[PDB]
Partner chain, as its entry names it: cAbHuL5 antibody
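Only one chain is shown below, in structure tokens, and it's the form solved without the partner chain.
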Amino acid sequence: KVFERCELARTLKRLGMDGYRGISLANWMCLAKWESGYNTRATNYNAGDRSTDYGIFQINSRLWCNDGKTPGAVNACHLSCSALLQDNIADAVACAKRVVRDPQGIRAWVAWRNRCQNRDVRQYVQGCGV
């Protein structure tokens, strides 16, 4: 499912993501835009370290979720990577919360550092109601 912009916004707010660990809603909207283009079935495989990135928040299969086929997996989110491909983002949102609680917080999302850090990211929540 490819969420629509505000559709996603209301959803994440409803899910307690706004201001979570100080992180604004638009910031979560910025990283989602650049990580998955709001598509829950988005997956990207790194042939070098041999792990995959699943869904909307593109969560890595070596550290957080489990697909069974990834070398040296930790499964910190205690989830199956299939739970990160559901049209329902409730499971992806809780794990994403787990990621930000580790030492480096939101710096864990590359696209967030490359396209949102120190930028105005308000346009992602404008007209959304939130």
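Positions refer to the first chain, counted from 1.
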property	result
50 to 58 versus 99 to 107 - greater average Cα B-factor per the deposited record	99 to 107
71 to 79 set against 38 to 46, stretch whose average Cα temperature factor tops the other in the entry	71 to 79
Third of the chain's Cα B-factor distribution that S24 belongs to, per the entry	middle
Relative C-alpha B-factor of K13, binned into the chain's lowest, middle or highest third	lowest
